[PDB]
>>> print(open('run-v7.cif').read())   # mmCIF, N, CA and C atoms
data_upload
loop_
_atom_site.label_atom_id
_atom_site.label_comp_id
_atom_site.auth_asym_id
_atom_site.auth_seq_id
_atom_site.Cartn_x
_atom_site.Cartn_y
_atom_site.Cartn_z
N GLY A 1 16.47 -20.81 1.46
CA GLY A 1 15.20 -20.03 1.58
C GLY A 1 14.88 -19.26 0.32
N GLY A 2 14.67 -17.95 0.46
CA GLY A 2 14.36 -17.12 -0.68
C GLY A 2 14.30 -15.65 -0.33
N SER A 3 15.34 -15.16 0.35
CA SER A 3 15.40 -13.76 0.75
C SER A 3 15.35 -12.85 -0.47
N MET A 4 14.68 -11.71 -0.33
CA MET A 4 14.56 -10.75 -1.42
C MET A 4 15.08 -9.38 -1.01
N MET A 5 15.89 -8.78 -1.88
CA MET A 5 16.46 -7.47 -1.61
C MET A 5 15.37 -6.43 -1.35
N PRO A 6 14.40 -6.29 -2.28
CA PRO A 6 13.31 -5.32 -2.14
C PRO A 6 12.51 -5.54 -0.85
N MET A 7 11.40 -4.82 -0.72
CA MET A 7 10.55 -4.94 0.46
C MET A 7 9.10 -5.11 0.05
N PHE A 8 8.20 -5.19 1.03
CA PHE A 8 6.79 -5.37 0.73
C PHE A 8 5.90 -4.49 1.59
N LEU A 9 4.66 -4.32 1.14
CA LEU A 9 3.68 -3.50 1.83
C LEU A 9 2.38 -4.28 2.04
N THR A 10 1.76 -4.10 3.20
CA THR A 10 0.51 -4.78 3.51
C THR A 10 -0.69 -3.90 3.15
N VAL A 11 -1.43 -4.33 2.14
CA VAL A 11 -2.60 -3.58 1.69
C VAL A 11 -3.88 -4.14 2.31
N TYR A 12 -4.91 -3.30 2.41
CA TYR A 12 -6.18 -3.70 2.99
C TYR A 12 -7.26 -3.74 1.94
N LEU A 13 -8.04 -4.81 1.98
CA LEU A 13 -9.10 -5.00 1.02
C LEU A 13 -10.32 -5.67 1.64
N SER A 14 -11.49 -5.22 1.21
CA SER A 14 -12.77 -5.74 1.69
C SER A 14 -13.16 -5.08 3.01
N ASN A 15 -14.47 -4.95 3.23
CA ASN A 15 -14.98 -4.33 4.45
C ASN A 15 -14.53 -5.12 5.68
N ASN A 16 -13.32 -4.83 6.15
CA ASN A 16 -12.77 -5.50 7.32
C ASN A 16 -11.38 -4.96 7.65
N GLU A 17 -11.09 -4.83 8.93
CA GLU A 17 -9.80 -4.32 9.37
C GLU A 17 -8.83 -5.46 9.66
N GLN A 18 -9.11 -6.64 9.10
CA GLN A 18 -8.25 -7.80 9.31
C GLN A 18 -7.90 -8.48 8.00
N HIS A 19 -8.53 -8.09 6.89
CA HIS A 19 -8.17 -8.69 5.62
C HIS A 19 -7.26 -7.74 4.88
N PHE A 20 -6.08 -8.22 4.57
CA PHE A 20 -5.08 -7.45 3.88
C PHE A 20 -4.30 -8.31 2.92
N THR A 21 -3.67 -7.68 1.96
CA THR A 21 -2.84 -8.41 1.02
C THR A 21 -1.47 -7.76 0.95
N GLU A 22 -0.46 -8.49 1.38
CA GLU A 22 0.91 -7.98 1.38
C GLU A 22 1.62 -8.38 0.11
N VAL A 23 2.59 -7.57 -0.30
CA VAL A 23 3.31 -7.84 -1.54
C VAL A 23 4.69 -7.20 -1.60
N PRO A 24 5.69 -7.94 -2.13
CA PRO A 24 7.05 -7.45 -2.28
C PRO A 24 7.25 -6.80 -3.65
N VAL A 25 7.35 -5.48 -3.68
CA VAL A 25 7.51 -4.75 -4.94
C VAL A 25 8.84 -4.00 -5.00
N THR A 26 9.48 -4.07 -6.16
CA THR A 26 10.72 -3.35 -6.39
C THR A 26 10.36 -1.96 -6.88
N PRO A 27 11.31 -1.02 -6.95
CA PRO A 27 11.00 0.33 -7.42
C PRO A 27 10.76 0.38 -8.92
N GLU A 28 9.75 -0.37 -9.36
CA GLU A 28 9.37 -0.43 -10.77
C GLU A 28 7.86 -0.38 -10.89
N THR A 29 7.18 -1.25 -10.14
CA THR A 29 5.73 -1.29 -10.13
C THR A 29 5.19 -0.33 -9.08
N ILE A 30 3.98 0.19 -9.28
CA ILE A 30 3.42 1.11 -8.31
C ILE A 30 1.94 0.86 -8.01
N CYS A 31 1.63 0.75 -6.73
CA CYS A 31 0.28 0.57 -6.24
C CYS A 31 -0.56 -0.34 -7.14
N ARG A 32 0.11 -1.19 -7.90
CA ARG A 32 -0.58 -2.14 -8.75
C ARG A 32 -0.97 -3.31 -7.89
N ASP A 33 -0.10 -3.56 -6.92
CA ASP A 33 -0.32 -4.61 -5.95
C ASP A 33 -1.50 -4.26 -5.06
N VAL A 34 -1.50 -3.03 -4.56
CA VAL A 34 -2.58 -2.57 -3.69
C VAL A 34 -3.92 -2.61 -4.42
N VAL A 35 -3.97 -2.06 -5.63
CA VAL A 35 -5.22 -2.04 -6.38
C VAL A 35 -5.60 -3.42 -6.93
N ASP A 36 -4.66 -4.09 -7.58
CA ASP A 36 -4.91 -5.40 -8.17
C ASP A 36 -5.49 -6.39 -7.16
N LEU A 37 -4.89 -6.47 -5.98
CA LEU A 37 -5.36 -7.40 -4.96
C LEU A 37 -6.54 -6.85 -4.16
N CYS A 38 -6.54 -5.54 -3.92
CA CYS A 38 -7.60 -4.91 -3.16
C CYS A 38 -8.63 -4.24 -4.06
N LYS A 39 -8.83 -4.83 -5.22
CA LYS A 39 -9.81 -4.33 -6.19
C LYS A 39 -11.15 -5.03 -5.99
N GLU A 40 -12.12 -4.72 -6.85
CA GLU A 40 -13.44 -5.32 -6.76
C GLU A 40 -14.38 -4.75 -7.82
N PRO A 41 -14.66 -3.43 -7.75
CA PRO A 41 -15.55 -2.77 -8.71
C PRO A 41 -14.81 -2.28 -9.95
N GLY A 42 -13.62 -2.84 -10.20
CA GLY A 42 -12.84 -2.43 -11.35
C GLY A 42 -12.06 -1.16 -11.08
N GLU A 43 -10.77 -1.18 -11.39
CA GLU A 43 -9.92 -0.01 -11.18
C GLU A 43 -10.44 1.18 -11.97
N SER A 44 -11.21 2.04 -11.31
CA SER A 44 -11.76 3.23 -11.94
C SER A 44 -11.65 4.44 -11.02
N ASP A 45 -10.64 5.27 -11.27
CA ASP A 45 -10.43 6.46 -10.46
C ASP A 45 -10.31 6.10 -8.98
N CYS A 46 -9.43 5.16 -8.67
CA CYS A 46 -9.22 4.73 -7.29
C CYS A 46 -7.83 5.12 -6.81
N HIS A 47 -7.66 5.17 -5.49
CA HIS A 47 -6.37 5.54 -4.91
C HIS A 47 -6.04 4.68 -3.69
N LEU A 48 -4.76 4.61 -3.37
CA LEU A 48 -4.29 3.83 -2.23
C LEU A 48 -4.03 4.75 -1.05
N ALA A 49 -4.21 4.24 0.15
CA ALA A 49 -4.03 5.05 1.35
C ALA A 49 -2.90 4.55 2.25
N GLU A 50 -2.29 5.49 2.98
CA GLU A 50 -1.20 5.16 3.90
C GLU A 50 -1.47 5.74 5.29
N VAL A 51 -1.72 4.86 6.25
CA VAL A 51 -1.96 5.28 7.64
C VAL A 51 -0.99 4.59 8.58
N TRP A 52 -0.28 5.36 9.39
CA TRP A 52 0.65 4.77 10.33
C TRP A 52 0.73 5.57 11.63
N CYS A 53 0.52 4.89 12.76
CA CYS A 53 0.58 5.53 14.07
C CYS A 53 -0.25 6.82 14.09
N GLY A 54 -1.37 6.81 13.38
CA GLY A 54 -2.23 7.98 13.34
C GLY A 54 -1.94 8.88 12.15
N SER A 55 -0.84 8.61 11.45
CA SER A 55 -0.47 9.41 10.29
C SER A 55 -1.09 8.83 9.02
N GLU A 56 -2.24 9.38 8.63
CA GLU A 56 -2.93 8.92 7.43
C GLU A 56 -2.77 9.93 6.30
N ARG A 57 -2.49 9.44 5.10
CA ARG A 57 -2.31 10.31 3.94
C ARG A 57 -2.79 9.63 2.66
N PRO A 58 -3.20 10.42 1.66
CA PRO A 58 -3.68 9.89 0.37
C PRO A 58 -2.52 9.52 -0.54
N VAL A 59 -2.38 8.23 -0.83
CA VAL A 59 -1.30 7.75 -1.69
C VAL A 59 -1.79 7.45 -3.11
N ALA A 60 -1.01 7.90 -4.09
CA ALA A 60 -1.32 7.70 -5.50
C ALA A 60 -0.98 6.29 -5.96
N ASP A 61 -1.73 5.80 -6.95
CA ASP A 61 -1.50 4.46 -7.49
C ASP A 61 -0.14 4.36 -8.18
N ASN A 62 0.52 5.49 -8.38
CA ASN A 62 1.82 5.49 -9.04
C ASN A 62 2.96 5.64 -8.02
N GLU A 63 2.67 5.37 -6.75
CA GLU A 63 3.68 5.48 -5.70
C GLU A 63 4.42 4.15 -5.52
N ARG A 64 5.71 4.15 -5.85
CA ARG A 64 6.53 2.95 -5.72
C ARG A 64 6.61 2.49 -4.27
N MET A 65 6.56 1.17 -4.07
CA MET A 65 6.61 0.58 -2.73
C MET A 65 7.45 1.43 -1.78
N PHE A 66 8.76 1.30 -1.88
CA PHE A 66 9.67 2.08 -1.03
C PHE A 66 9.39 3.58 -1.17
N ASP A 67 9.03 4.01 -2.38
CA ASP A 67 8.73 5.41 -2.63
C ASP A 67 7.71 5.92 -1.63
N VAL A 68 6.74 5.07 -1.34
CA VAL A 68 5.70 5.40 -0.39
C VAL A 68 6.23 5.21 1.03
N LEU A 69 7.16 4.27 1.17
CA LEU A 69 7.76 3.95 2.46
C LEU A 69 8.81 4.99 2.87
N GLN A 70 9.15 5.89 1.95
CA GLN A 70 10.15 6.92 2.23
C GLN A 70 9.51 8.22 2.69
N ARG A 71 8.19 8.34 2.52
CA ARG A 71 7.48 9.55 2.92
C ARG A 71 7.07 9.49 4.39
N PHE A 72 6.83 8.29 4.90
CA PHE A 72 6.43 8.12 6.30
C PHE A 72 7.50 8.67 7.23
N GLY A 73 8.69 8.07 7.18
CA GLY A 73 9.78 8.50 8.03
C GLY A 73 10.71 7.37 8.40
N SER A 74 11.15 7.35 9.66
CA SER A 74 12.04 6.31 10.14
C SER A 74 11.32 4.97 10.22
N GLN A 75 10.07 5.00 10.68
CA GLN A 75 9.27 3.79 10.81
C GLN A 75 8.62 3.43 9.48
N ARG A 76 9.37 2.74 8.62
CA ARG A 76 8.86 2.34 7.32
C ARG A 76 7.95 1.11 7.43
N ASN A 77 8.20 0.29 8.45
CA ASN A 77 7.41 -0.91 8.67
C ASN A 77 6.35 -0.66 9.75
N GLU A 78 5.80 0.55 9.76
CA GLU A 78 4.78 0.93 10.73
C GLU A 78 3.52 1.45 10.04
N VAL A 79 3.54 1.48 8.71
CA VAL A 79 2.41 1.99 7.93
C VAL A 79 1.45 0.89 7.51
N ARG A 80 0.28 1.31 7.06
CA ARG A 80 -0.75 0.41 6.58
C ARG A 80 -1.22 0.88 5.20
N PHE A 81 -1.47 -0.07 4.31
CA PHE A 81 -1.94 0.25 2.97
C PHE A 81 -3.40 -0.13 2.86
N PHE A 82 -4.21 0.73 2.27
CA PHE A 82 -5.65 0.46 2.16
C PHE A 82 -6.21 0.94 0.83
N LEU A 83 -7.11 0.14 0.24
CA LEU A 83 -7.70 0.49 -1.05
C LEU A 83 -9.00 1.27 -0.88
N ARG A 84 -9.04 2.47 -1.47
CA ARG A 84 -10.22 3.32 -1.39
C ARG A 84 -10.91 3.42 -2.74
N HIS A 85 -12.15 2.94 -2.81
CA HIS A 85 -12.92 2.98 -4.05
C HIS A 85 -14.17 3.84 -3.88
N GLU A 86 -14.18 4.99 -4.56
CA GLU A 86 -15.32 5.90 -4.49
C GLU A 86 -16.52 5.33 -5.23
#
>>> encode(input="run-v7.cif", output="structure tokens")
Amino acid sequence: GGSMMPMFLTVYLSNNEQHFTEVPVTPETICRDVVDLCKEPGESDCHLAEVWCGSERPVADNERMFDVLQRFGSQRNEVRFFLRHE
């Protein structure tokens, strides 16, 4: 197969609650996956969001995958990633 030590996050892109882009990132890259895939009007003063079980918070583009997954709590695979473009 192709098991990977690191983990991944499911990002949301486009006006829809069903289109998302998931990605496996190591603690090196940050919210580049969320913005790069969930981009459109060009990365200009944009931020990533984290909502899980009603727990929504503003996530910075410099938040490492797990880094962001460590703020939620025990349920690391219960959060959602979403691209917010003002």
>>> closest_residue(input="run-v7.cif", among="A:11, A:55, A:27, A:76", to="residue 39 (chain A)", atoms="only C-alpha atoms")
A:11
>>> closest_residue(input="run-v7.cif", among="A:2, A:8, A:72, A:38", to="residue 24 (chain A)", atoms="all atoms listed in the file")
A:8
>>> axis_aligned_box(input="run-v7.cif", around="region 67-75 of chain A", padding_each_side="5 Å", output="AutoDock Vina command-line options")
--center_x 8.9 --center_y 6.5 --center_z 4.1 --size_x 16.3 --size_y 16.1 --size_z 23.4
>>> residues_around(input="run-v7.cif", residues="residue 23 (chain A)", least_positions_apart="3", cutoff="8 Å", atoms="all atoms listed in the file", output="list in words")
residues 7, 8, 9, 10, 11, 20, 26, 33 and 34 of chain A
>>> select_by_dssp(input="run-v7.cif", residues="region 16-73 of chain A", states="strand (DSSP E or B)", output="list in words")
residues 20, 21, 22, 23, 24, 25, 30, 47, 48, 49, 50, 51, 52, 55, 56, 57, 58, 59 and 64 of chain A
>>> write_last_selection(input="run-v7.cif", atoms="N, CA and C atoms", output="PDB file, in the coordinates of the input")
ATOM      1  N   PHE A  20      -6.080  -8.220   4.570  1.00  0.00           N
ATOM      2  CA  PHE A  20      -5.080  -7.450   3.880  1.00  0.00           C
ATOM      3  C   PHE A  20      -4.300  -8.310   2.920  1.00  0.00           C
ATOM      4  N   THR A  21      -3.670  -7.680   1.960  1.00  0.00           N
ATOM      5  CA  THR A  21      -2.840  -8.410   1.020  1.00  0.00           C
ATOM      6  C   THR A  21      -1.470  -7.760   0.950  1.00  0.00           C
ATOM      7  N   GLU A  22      -0.460  -8.490   1.380  1.00  0.00           N
ATOM      8  CA  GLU A  22       0.910  -7.980   1.380  1.00  0.00           C
ATOM      9  C   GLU A  22       1.620  -8.380   0.110  1.00  0.00           C
ATOM     10  N   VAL A  23       2.590  -7.570  -0.300  1.00  0.00           N
ATOM     11  CA  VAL A  23       3.310  -7.840  -1.540  1.00  0.00           C
ATOM     12  C   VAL A  23       4.690  -7.200  -1.600  1.00  0.00           C
ATOM     13  N   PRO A  24       5.690  -7.940  -2.130  1.00  0.00           N
ATOM     14  CA  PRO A  24       7.050  -7.450  -2.280  1.00  0.00           C
ATOM     15  C   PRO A  24       7.250  -6.800  -3.650  1.00  0.00           C
ATOM     16  N   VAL A  25       7.350  -5.480  -3.680  1.00  0.00           N
ATOM     17  CA  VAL A  25       7.510  -4.750  -4.940  1.00  0.00           C
ATOM     18  C   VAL A  25       8.840  -4.000  -5.000  1.00  0.00           C
ATOM     19  N   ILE A  30       3.980   0.190  -9.280  1.00  0.00           N
ATOM     20  CA  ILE A  30       3.420   1.110  -8.310  1.00  0.00           C
ATOM     21  C   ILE A  30       1.940   0.860  -8.010  1.00  0.00           C
ATOM     22  N   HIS A  47      -7.660   5.170  -5.490  1.00  0.00           N
ATOM     23  CA  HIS A  47      -6.370   5.540  -4.910  1.00  0.00           C
ATOM     24  C   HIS A  47      -6.040   4.680  -3.690  1.00  0.00           C
ATOM     25  N   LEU A  48      -4.760   4.610  -3.370  1.00  0.00           N
ATOM     26  CA  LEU A  48      -4.290   3.830  -2.230  1.00  0.00           C
ATOM     27  C   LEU A  48      -4.030   4.750  -1.050  1.00  0.00           C
ATOM     28  N   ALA A  49      -4.210   4.240   0.150  1.00  0.00           N
ATOM     29  CA  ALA A  49      -4.030   5.050   1.350  1.00  0.00           C
ATOM     30  C   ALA A  49      -2.900   4.550   2.250  1.00  0.00           C
ATOM     31  N   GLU A  50      -2.290   5.490   2.980  1.00  0.00           N
ATOM     32  CA  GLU A  50      -1.200   5.160   3.900  1.00  0.00           C
ATOM     33  C   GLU A  50      -1.470   5.740   5.290  1.00  0.00           C
ATOM     34  N   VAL A  51      -1.720   4.860   6.250  1.00  0.00           N
ATOM     35  CA  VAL A  51      -1.960   5.280   7.640  1.00  0.00           C
ATOM     36  C   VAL A  51      -0.990   4.590   8.580  1.00  0.00           C
ATOM     37  N   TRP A  52      -0.280   5.360   9.390  1.00  0.00           N
ATOM     38  CA  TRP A  52       0.650   4.770  10.330  1.00  0.00           C
ATOM     39  C   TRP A  52       0.730   5.570  11.630  1.00  0.00           C
ATOM     40  N   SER A  55      -0.840   8.610  11.450  1.00  0.00           N
ATOM     41  CA  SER A  55      -0.470   9.410  10.290  1.00  0.00           C
ATOM     42  C   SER A  55      -1.090   8.830   9.020  1.00  0.00           C
ATOM     43  N   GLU A  56      -2.240   9.380   8.630  1.00  0.00           N
ATOM     44  CA  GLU A  56      -2.930   8.920   7.430  1.00  0.00           C
ATOM     45  C   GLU A  56      -2.770   9.930   6.300  1.00  0.00           C
ATOM     46  N   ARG A  57      -2.490   9.440   5.100  1.00  0.00           N
ATOM     47  CA  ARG A  57      -2.310  10.310   3.940  1.00  0.00           C
ATOM     48  C   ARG A  57      -2.790   9.630   2.660  1.00  0.00           C
ATOM     49  N   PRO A  58      -3.200  10.420   1.660  1.00  0.00           N
ATOM     50  CA  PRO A  58      -3.680   9.890   0.370  1.00  0.00           C
ATOM     51  C   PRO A  58      -2.520   9.520  -0.540  1.00  0.00           C
ATOM     52  N   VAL A  59      -2.380   8.230  -0.830  1.00  0.00           N
ATOM     53  CA  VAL A  59      -1.300   7.750  -1.690  1.00  0.00           C
ATOM     54  C   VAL A  59      -1.790   7.450  -3.110  1.00  0.00           C
ATOM     55  N   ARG A  64       5.710   4.150  -5.850  1.00  0.00           N
ATOM     56  CA  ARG A  64       6.530   2.950  -5.720  1.00  0.00           C
ATOM     57  C   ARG A  64       6.610   2.490  -4.270  1.00  0.00           C
TER      58      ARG A  64
END
>>> select_by_dssp(input="run-v7.cif", residues="chain A", states="helix (DSSP H, G or I)", output="list in words")
residues 32, 33, 34, 35, 36, 37, 65, 66, 67, 68, 69, 70, 71, 72, 76, 77 and 78 of chain A
>>> residues_around(input="run-v7.cif", residues="residue 78 (chain A)", least_positions_apart="4", cutoff="6.5 Å", atoms="all atoms listed in the file", output="ChimeraX atom specification")
/A:51-53
>>> residues_around(input="run-v7.cif", residues="residue 45 (chain A)", least_positions_apart="5", cutoff="8 Å", atoms="all atoms listed in the file", output="compact mmCIF listing (two decimals) with N, CA and C atoms, in the frame of the given file")
# COMPACT_ATOMS: atom_id res chain seq x y z
N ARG A 84 -9.04 2.47 -1.47
CA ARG A 84 -10.22 3.32 -1.39
C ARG A 84 -10.91 3.42 -2.74
N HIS A 85 -12.15 2.94 -2.81
CA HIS A 85 -12.92 2.98 -4.05
C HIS A 85 -14.17 3.84 -3.88
N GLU A 86 -14.18 4.99 -4.56
CA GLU A 86 -15.32 5.90 -4.49
C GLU A 86 -16.52 5.33 -5.23
>>> resolve_selection(input="run-v7.cif", expression="the PyMOL selection byres ((chain A and resi 62) around 6.5)", output="list in words")
residues 29, 30, 31, 59, 60, 61, 63 and 64 of chain A
>>> closest_residue(input="run-v7.cif", among="A:82, A:15, A:50, A:21", to="residue 37 (chain A)", atoms="only C-alpha atoms")
A:21
>>> atom_distance(input="run-v7.cif", atom1="atom C of residue 44 (chain A)", atom2="atom C of residue 14 (chain A)")
17.0 Å
>>> atom_distance(input="run-v7.cif", atom1="atom N of residue 77 (chain A)", atom2="atom C of residue 40 (chain A)")
28.3 Å
>>> atom_distance(input="run-v7.cif", atom1="CA of residue 18 (chain A)", atom2="CA of residue 1 (chain A)")
27.6 Å
>>> closest_residue(input="run-v7.cif", among="A:35, A:66, A:17, A:75", to="residue 48 (chain A)", atoms="only C-alpha atoms")
A:35
